[PDB]
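**Q**
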Amino acid sequence: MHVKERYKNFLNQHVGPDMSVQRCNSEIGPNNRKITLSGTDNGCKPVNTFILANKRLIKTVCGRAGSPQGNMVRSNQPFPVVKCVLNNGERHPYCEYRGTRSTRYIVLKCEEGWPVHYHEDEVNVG
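Just add 2 to the spot in the sequence shown (first one is 1) and you have the entry's author numbering.
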């Protein structure tokens, strides 16, 4: 397991302190985070949520500020998020999303105190 590599990838995919719904497309696309569907070199993930908070604050969810939820951890406090759900397109640079701004108790996977994965809601795409 490479926890620090997975943490850096979690920052790229899921930490966006100043994100907004209008930025889903540009931030996910190749000119910025270039977030891509697992198992492909160019596919569009069906859903990607950005946490609108600082990485150190989110890390606490893997410590004193989270509680167990199965093999994952749920934050004790809610966090502002932007959930980007795929609307049309099947490859970069044309993955187009609809975004929703909400406040959620975030569920993450943690390894030795570091967040390495975000648990998304199941979505209906397209």
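Every residue, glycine too, gets a C-beta built ideally from N, C-alpha and C.
1. Do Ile-108 and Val-63 have their C-beta atoms within less than 8 Å of each other?
2. Could you tell me if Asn-56 is buried or exposed, where buried requires 16 or more neighbouring beta carbons within 10 angstroms of its beta carbon?
3. Which residues does DSSP pair with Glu-113 in a beta bridge?
4. In this structure, what does DSSP give as the bridge partners for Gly-101?
5. Per DSSP, what kind of secondary structure is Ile-108 in: helix, strand or coil?
**A** Per the coordinate set shown:
1. Here residue 108 refers to the residue found at position 106 when the sequence shown is read from its first residue. Here residue 63 refers to the residue found at position 61 when the sequence shown is read from its first residue. Result yes, Cβ atoms of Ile-108 and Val-63 sit closer than 8 Å.
2. Taking the first residue of the sequence shown as position 1, residue 56 is located at position 54. With fewer than 16 other Cβ atoms within 10 Å, it is exposed.
3. Taking the sequence shown and counting its residues from 1, the one referred to as residue 113 is at position 111. DSSP, once it has assigned bridges, lists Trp-116 as partnering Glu-113.
4. The residue labelled residue 101 in the question sits at position 99 within the sequence shown. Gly-101 pairs with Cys-86.
5. In the sequence shown, counting from the first residue as 1, residue 108 sits at position 106. Residue state, collapsed to three classes: coil.
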